[PDB]
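Q: For reference, the structure I am asking about is given below.
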Amino acid sequence: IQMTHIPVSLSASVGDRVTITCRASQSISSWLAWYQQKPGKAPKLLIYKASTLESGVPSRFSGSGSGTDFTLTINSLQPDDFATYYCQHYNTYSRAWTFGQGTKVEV
Amino acid sequence: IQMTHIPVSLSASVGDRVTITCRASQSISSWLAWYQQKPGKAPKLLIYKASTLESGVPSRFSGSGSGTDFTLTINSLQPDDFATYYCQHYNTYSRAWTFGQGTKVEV
Amino acid sequence: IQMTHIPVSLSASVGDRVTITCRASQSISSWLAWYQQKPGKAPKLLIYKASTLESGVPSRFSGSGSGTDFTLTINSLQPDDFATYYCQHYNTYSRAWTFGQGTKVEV
Amino acid sequence: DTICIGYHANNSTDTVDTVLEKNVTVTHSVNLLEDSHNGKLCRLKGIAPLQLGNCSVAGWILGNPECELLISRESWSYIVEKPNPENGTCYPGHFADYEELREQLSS
Amino acid sequence: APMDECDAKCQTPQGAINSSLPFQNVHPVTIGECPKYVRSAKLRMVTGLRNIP
Amino acid sequence: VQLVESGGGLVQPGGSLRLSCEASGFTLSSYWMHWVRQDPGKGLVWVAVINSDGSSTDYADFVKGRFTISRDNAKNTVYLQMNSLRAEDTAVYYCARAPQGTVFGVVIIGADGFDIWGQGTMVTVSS
Amino acid sequence: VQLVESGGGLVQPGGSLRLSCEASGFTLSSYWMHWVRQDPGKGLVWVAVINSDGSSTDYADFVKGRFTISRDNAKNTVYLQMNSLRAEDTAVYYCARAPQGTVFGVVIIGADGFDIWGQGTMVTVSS
Amino acid sequence: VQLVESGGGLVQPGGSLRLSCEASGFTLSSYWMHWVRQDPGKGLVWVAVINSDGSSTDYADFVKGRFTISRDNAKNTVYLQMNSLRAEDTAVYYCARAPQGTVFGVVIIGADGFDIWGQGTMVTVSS
Amino acid sequence: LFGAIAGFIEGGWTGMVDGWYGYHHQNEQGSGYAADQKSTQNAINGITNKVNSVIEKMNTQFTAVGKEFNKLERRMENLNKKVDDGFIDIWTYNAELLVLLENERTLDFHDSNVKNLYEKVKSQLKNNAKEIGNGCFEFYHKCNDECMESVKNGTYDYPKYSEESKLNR
Amino acid sequence: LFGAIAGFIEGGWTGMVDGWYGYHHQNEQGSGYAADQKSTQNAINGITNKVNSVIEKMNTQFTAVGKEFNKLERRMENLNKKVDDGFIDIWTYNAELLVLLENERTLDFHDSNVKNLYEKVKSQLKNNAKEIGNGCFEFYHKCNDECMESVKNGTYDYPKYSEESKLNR
Amino acid sequence: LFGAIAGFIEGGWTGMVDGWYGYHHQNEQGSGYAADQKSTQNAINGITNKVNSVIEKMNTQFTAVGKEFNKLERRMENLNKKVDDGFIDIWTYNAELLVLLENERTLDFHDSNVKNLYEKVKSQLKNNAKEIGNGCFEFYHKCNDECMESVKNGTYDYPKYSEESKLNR
């Protein structure tokens, strides 16, 4: 299974909507997780099951999608929201964990 | 398919509940339309799907029935409700459009 | 079908929640009736369908259970609630009416 | 000679959500939600609305000198008031039970 | 909103609605024979099959 | 409503006896009628059942054709005729009423169990 | 929204006529078009129906190749050609519009019957 | 809650190394443990996974029996031993925890993804 | 749920346009599609009645909204807002759950209709035809447009072809 | 939904009255209607449980209705009427939808029971009987009342009649 | 509802742990249990979607509760109670009933899967195997681990074993 990120890199201003799309080689249902990693740190989970928010994640993040096309929307971009975002296909059954290349958001 | 009226003619006073019953030769489900025609004029559609009222038709009209037997009831008969009432079996699928013989409501 | 009582006899004080269990040889769904009988008198029906209170009985009686295990609770025991309690399996279909041995509550 | 049993497929992009699946493409569907509107206030059963304009219900009912165009109007379907009316009670003071009067005039 | 010369059946502060559909998501405030306000953004009921072409 | 039973008494072994329930306050044609027996101080034992039309009857495992149950809805009476009585069959006999459900005889909603019992007639056997 | 009819008149038996409906207020490319007729004093009977593309047309039992239906959506008109007319075919002809069905031709939710009718064109057959 | 990683260092090609994760704050016996390597600048690559009981382990497609993953719940630690390391396997290695699932290993409700990660140990292979 | 759609009949047919369910036949006289009018008519009746019945259970709103409260009437305003929000939440839940559950039920219904049509044809044909398994039957006797139309119409004459089919079997 | 009721069994039997589902047998000793006790008992248990379980979720009203407001409390009166009417509308919708959906589910349940009983008899008989298709099996061997009672009771002895059935087949 | 679970497959298997549905094979090379990955994966996806889709329709409460009224505001207080308690009742219903209905459906869902899986194997084996009826098939030809794995994988080669199976049958 392969995860592809569109766009590979993107730039936007603070207070603007942004969409990051992850596409799958096959149908992976809602077995997707969105992580955020800042340089020289460890990733923090943002979304699991393609729609659910981790406790502590601000409500400005919104995940949406099913099947083969998925999306992370960061409404009202903030300075603490400039990092590399990763999509992961995780399936404990069938033992499949796969990470995307990642998209860097800049200003 | 044949559609018949009971009674052929029905005379009632103003403010009296009226009831016209249309019976089918087969089971036509809820594919019925009640039309009203005053002498020397085009018919106006009162009810479709044996229960639903066309927009603008007064609420004093009611529709009821399914299968083979159906009924139009005009509670609180008013002077503008003295006309000829027709029951039509319409089925765009199977292409069946048939009109009833007609009922007359007099004073 | 045999219906057995646990315990055969019981001693409890006023104001004390109590519990009488009746077990069935096979599965009898919710076909249980709980009766109460004071000495030298006809039984009075407390519960039918293993959960439903008969009209007129106090709300303190609570029936529960299904299948093999059934439980009758006299919450907040009162002086009038000292009698013998019978569990009956009644099935009009299959024509099976069977009474339990009995459970005597004392002071 | 072969006979095959099958179903109907078309070029639809209509999608529905089920309990078992999300974003299921379907041959035919109906939309039970209304999202569009005219955009302009319009009459209701013929009777025109009463747009007070720059004056509020207090100014309309006390006869504010700076909006007399509402004096002629006597029948209406609903009243339209600006979100922050400015031409209300010219002489400063307290209008007793203003909200109660608005409720009374709403009917 | 401005005032037109329509003949509508429902009126909301954002504008009028002319539909026999059972629900709406325009505005909770309504005047006339109006559909029931819901907070959803999509209520689509399937009448056909799964599309597998 | 009430059920009043009669006919109990002392009968010698091998004898015969008749028990009768009379209703007061309800129509007997709309209830199944049950006969139960309770040994003095012991538990309750079911004996016989008669339908609402006298067509279908049932008897317990210890009644090998000894007992015959019958009904008369016009007089609102239920009859149980015992013969070949033995020393074991001595007890207080109760008449019980049970509702008749629309589906066959099963009640889906409403009252289902033995709603109204009698007062009990003592039947004793000895020499 | 209204429908206007034209072309009706007196025609001899074994003749020909052309009736036409023009629609104002709506585009009839999204409506099935029906031709019905009412005898003077008698009831309503249905003659012909034409689809929203002209591909599927249906005719009543009494008309066997006599009548031909046609439609021009650009001109917003629907035509009916009658040939080999007889004395029976003497009636007021009405043009009705029917909403196109949501699924196939069946409307699941919305208007379903003949919402808008014409005014009537009198067709007479006599010598 | 935290995971701390140790053992990362410089090892020659064809060498061996032994990374260890210690978890403070929770119990290791109720979490799947994952080892995820990230090349400097490049993305995240998943390396290995060990179950709650150490019975089922899985490895990536680029590790040909080189790596062995082990667990010790009593000591609250998870170890990953690499042997026959090549030049390609130089990266920052992270330790991730994943919740167990209500159905088999798949979680139906609640937290599902890698909730808590480590800080990273830099493993460099060069001569 | 019944195994017909996306089961042993994998994909749909874009060449059939006159019905939801139907047949695809291929004999020496040619190939063609046809729609089962009876099954599709029953499905249309059921779907129409379900949708309409669901709708009429909700009476159209024939009222108005809007109230105002002063500063010393905060409790009234909170109560009114709570009532309005609770009613909106209950109705949103009802609408969403109804659509979800009814959508699953409708898809199951269509699946069942296809399965029942397959079983009807199978029961008519019996051993005169071979069940390939992709939704198709291969006849053991030569069949023309007449016997095709008999199979579609339900008037298949099994005894007529029994002797010929037995020899080829 | 399962094709048994109003499917390959065209209509019901007025002659059997001891059950919902049953058998109709015809041998040299006569014809008769019997009612399957196990399946009908299971159906009664399920339907009783469903009806009661639906009822218990509807808590009995144990309160009162009625309030009075003076002319200066029109907002109070409007709020009270809104609350009462909204609760009535919600409960009416709940009851009506519940009845509709449960009715469809119950009819499907009965269809499933009839189909399962048919399949049980079919699997019991195997190739000792021929499926006529109207819900009936014509035996390839002579069957008395004992073997009919065996089929009804589920204790059919396929090997005993296997030799005789094979010869006639 | 479909007759697989608790029907012609009496009980479950404790030895199978890797999936809900699976196979139990026994050849000359030994006996073993395997779990159907595809069917169990589909079931997991369906049940996860069902649970989550139900859950997200009820948004979490964000406000607070509690209001105070003096002796002259009793009509207020009752109204407040009449709202609060009322709403609770509705939600209680909307929860309890939901689970009830959903629970039944889920079980039926599982039943269907088992049935479907069984049918698939039928369509793979045809006359190469004999239906015992307890839930399995006795092969009419020798089968090793390769052909058993083909049966589980859906790639059964019917033509290869057709000649051998025909002789033994």
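Every chain in the structure tokens has a letter given in the order shown (A, B, ...), and although residue numbers restart at 1 in each chain, ligands are simply numbered from 1 in the order shown.
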Would you mind listing, as an MDAnalysis selection string, all residues of chain A that have at least one atom within 9 Å of chain D, where only C-alpha atoms are what counts?

A: chainID A and resid 29 65:67

Q: Which chain J residues are at most 12 Å from chain C (counting only C-alpha atoms), as a list in words?

A: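 That gives residues 18, 19, 20, 35, 36, 37, 38, 39, 40, 41, 42, 43, 44, 45, 46, 47, 48, 49, 50, 52, 53, 55 and 56 of chain J for chain J.
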
Q: Give as a list in words every residue of chain G that touches chain B within 7 Å, counting only C-alpha atoms.

A: residues 43, 44, 45, 46, 105, 106, 112, 113, 114, 115, 117, 118 and 119 of chain G

Q: How would the residues just picked look written out with C-alpha atoms as a short mmCIF file (atom, residue, chain, number, x, y, z; two decimals), in the first residue's frame?

A:
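result_6.cif, freshly written:
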data_model
loop_
_atom_site.label_atom_id
_atom_site.label_comp_id
_atom_site.auth_asym_id
_atom_site.auth_seq_id
_atom_site.Cartn_x
_atom_site.Cartn_y
_atom_site.Cartn_z
CA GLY G 43 -65.63 12.17 -19.44
CA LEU G 44 -61.90 12.50 -19.98
CA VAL G 45 -59.87 10.00 -21.99
CA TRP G 46 -56.14 9.93 -22.68
CA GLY G 105 -40.01 8.12 -15.33
CA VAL G 106 -41.34 7.67 -11.76
CA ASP G 112 -46.40 13.80 -10.05
CA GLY G 113 -49.71 14.36 -11.83
CA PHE G 114 -50.73 16.58 -14.72
CA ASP G 115 -49.96 19.90 -13.06
CA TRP G 117 -53.45 21.76 -18.50
CA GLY G 118 -54.28 23.57 -21.71
CA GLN G 119 -57.40 25.48 -22.66
#

Q: Would you give me, as a VMD selection string, the residues in region 7-119 of chain F that DSSP reads as strand (DSSP E or B)?

A: chain F and resid 10 to 11 17 to 24 31 to 38 44 to 50 57 to 59 67 to 72 77 to 82 91 to 99 103 106 116 to 117

Q: CA of residue 81 (chain F) and CA of residue 124 (chain F), how far apart in Å?

A: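 That distance, rounded to one decimal, is 14.7 Å.
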
Q: Enumerate as a list in words the residues belonging to chain K that approach chain E to within 12 Å, with only C-alpha atoms taken into account.

A: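 The selection requested is residues 57, 58 and 59 of chain K.
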
Q: Deliver the residues from the most recent selection as a file, using N, CA and C atoms, as a PDB file, in the first residue's frame.

A:
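Dumped to part00.pdb:
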ATOM      1  N   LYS K  57     -23.077  11.192  15.748  1.00  0.00           N
ATOM      2  CA  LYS K  57     -24.328  11.920  15.567  1.00  0.00           C
ATOM      3  C   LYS K  57     -24.805  12.613  16.832  1.00  0.00           C
ATOM      4  N   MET K  58     -24.346  12.191  18.002  1.00  0.00           N
ATOM      5  CA  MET K  58     -24.653  12.881  19.251  1.00  0.00           C
ATOM      6  C   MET K  58     -23.429  13.677  19.686  1.00  0.00           C
ATOM      7  N   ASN K  59     -23.458  14.979  19.415  1.00  0.00           N
ATOM      8  CA  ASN K  59     -22.382  15.859  19.843  1.00  0.00           C
ATOM      9  C   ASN K  59     -22.369  15.980  21.361  1.00  0.00           C
TER      10      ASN K  59
END

Q: DSSP says helix (DSSP H, G or I) for which residues of chain D? Put them as an NGL selection string?

A: :D and (57-62 or 98-105)
